[PDB]
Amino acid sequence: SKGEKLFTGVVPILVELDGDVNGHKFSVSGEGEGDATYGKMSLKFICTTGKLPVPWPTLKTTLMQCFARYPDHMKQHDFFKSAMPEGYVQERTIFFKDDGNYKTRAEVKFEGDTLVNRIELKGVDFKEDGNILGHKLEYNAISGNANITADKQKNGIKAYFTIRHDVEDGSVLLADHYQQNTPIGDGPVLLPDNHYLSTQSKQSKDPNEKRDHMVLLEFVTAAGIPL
């Protein structure tokens, strides 16, 4: 793939999410720029249906691993860019410990020069009085590793990781992520050796924005293969 060639400069990003958590329907739209050369994404997300019925931090992982910086010695392990421009399906289940689960399905592909992430999210079995529907989570940076492995049989990848969400009482809400990505196209893709993506995030508010929103500055770096 000259999949990788589509990411050498700054790429416009569009995100669309339709969600239903315990029957509470909502939509999010996002925009920004990705600069994979520096593993960088600069984003702003809007709840387009009024108030988000779940905390922003619970949606971060759902709301474009194609923008990761793969060091030169690891470029042969970059499935995500290899599937472009036709794109990939990203499916997850996220199990929130002692609470509900999200099931997500996304299509990540180019529409002309724009990288588009279209997402549907279904959440079930949440506690109306719990840390999620009760909005008891810190609005603070998420960082850490996404472990990537080949899925030869599906010509794709699997991923797993646990996110540790800070709770306002000082406890941690564990969110166990199970991920499967498959190419949309039937052209060849790169099936990687085991590695991980290391994400560093800064999250903020726009003081002039009245809509429920989230501003993100993300840096994502492939790692786990030496040299």
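The first residue of the sequence shown is number 1, and the count goes up from there.
Visitor: Going by the PDB record, how many residues of the deposited sequence fall between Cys47 and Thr48 without any coordinates: none, 1 to 3, 4 to 9, or 10 or more?
Guide: In the record, the chain runs straight from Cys47 to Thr48 with none unmodelled.
Visitor: Report the stretch with the higher mean CA temperature factor, choosing between 86-94 and 153-161 on the basis of the entry.
Guide: Comparing 86-94 with 153-161, the higher mean C-alpha B-factor belongs to 153-161.
Visitor: Look up the CA B-factors in the entry and say which stretch, 13-21 or 201-209, has the higher mean.
Guide: Mean CA B-factor is higher for 201-209.
Visitor: Go through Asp78, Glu138, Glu120, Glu107 one by one and give the residue whose Cα B-factor in the PDB entry is largest.
Guide: Highest C-alpha B-factor among the listed options: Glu138.
Visitor: Of the choices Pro53, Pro57, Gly39, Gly30, which one's C-alpha carries the largest B-factor in the record?
Guide: The C-alpha B-factor peaks, among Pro53, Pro57, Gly39, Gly30, at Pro53.
Visitor: Should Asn194 be placed in the lowest, middle or highest third of its chain by the C-alpha B factor in the entry?
Guide: As the PDB entry reports it, the C-alpha B-factor of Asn194 lands in the middle third of its chain.
Visitor: Comparing against every modelled residue in the chain, figure out the third that the C-alpha B-factor of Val167 lands in (lowest, middle or highest).
Guide: Answer is highest: the recorded C-alpha B-factor places it there.
Visitor: Comparing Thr114 with the other modelled residues of its chain, is its CA B-factor in the lowest, middle or highest third?
Guide: Bottom third by C-alpha B-factor.
Visitor: Using only modelled residues of the chain, where does the Cα B factor of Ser143 rank: lowest third, middle third or highest third?
Guide: Its C-alpha B-factor belongs to the middle third of this chain's values.
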